[PDB]
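Worksheet: the structure to be examined is printed underneath.
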Ligand SMILES: [Cl-]
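Numbering (UniProt numbering), first residue to last: 3 to 237.
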């Protein structure tokens, strides 16, 4: 029953979303800290991680994107080091030798590809909120209510171990009809706000600094009345 799931609010207010605590599978380096909101049969998972110590992983088992909501994490792999504070994001490629060093009481949203579908692209990739973007495809004209927007993106990470493309996107305002989502999508809003109207006839307002996950097949209407900029992970 694919749906739209609010993973975390900017102010860490309660979300309606149910999370399953524990490792996603027998390879997950996280367990008590892993809070999974969604996993599909083909291995895409989304949720949050609560963690407050360091752990080292010899070969990271997933391709995994982290979006910080509280605290701080420093990711180290050999001579590479990336520190993420609230609002910052990075990707751990599949196979990366990585140390994940969280300050106490840290919390991040995640999207992981837990199934490999091609060769590892290992390493850590930081994702700049202010990345420079180039024109990207608006929605299908046939589903539009408003005029077509101008959209831009930058695929800062293009996996070869999955179909994940991860980056930054922006758009002028638009409105379209409800459609089942064509792909899996994590979004974290850098600027603006969007209203997602849902299969059950309810509404989710995604505000600046919130992270939401839209499962493939989830019926979703998009309405934005202003500019939106987001981090994304899409399959
Ligand atoms: Cl854990």
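A virtual CB, placed ideally from N, CA and C, is assigned to each residue, including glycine.
Pairwise C-alpha distance: residue 132 and residue 33: 33 Å
Length-filtered (4 minimum) alpha helix (DSSP H) runs lying within the region 17-86: none
C-alpha distance - residue 185 paired with residue 77, whole-angstrom precision: 28 Å
Of the residues 229, 232, 218, the one placed nearest residue 47, counting alpha carbons only: 218
Cβ-heavy atom distance, residue 33 to ligand 1, below 7 Å: yes
Nearest to residue 135 (by Cα), restricted to the options 142, 146, 152: 152
Local conformation of residue 145 per DSSP, three classes: helix
Presumed contact (8 Å Cβ cut-off) between residue 127 and residue 159, rounded CB distance: 5 Å
Residues of its chain near residue 116, where Cβ-Cβ distance is below 7 Å and the 5 sequence neighbours each way are ignored: 26, 27, 45, 47, 64
Closer than 7 Å: residue 72 CB and nearest ligand 1 heavy atom: no
Heavy atom of ligand 1 within 7 Å of residue 101 beta-carbon: no
Proximity of residue 39 and residue 24 at Cβ, strictly below 8 Å: no
The region 191-210 / the region 221-229 touching (three or more Cβ pairs under 8 Å): yes
Check: residue 37 C-beta below 7 Å from any heavy atom of ligand 1: no
Close Cβ partners of residue 140 (< 7 Å) along its chain, the five nearest in sequence each way excluded: 150, 151, 153
Residue 92, buried or exposed, once every other Cβ within 10 Å from all chains shown has been counted against 16: buried
Candidates 100, 70, 81, of which the one nearest residue 56 by Cα: 100
Residue burial classification, residue 35 (beta-carbon count within 10 angstroms, cutoff 16): buried
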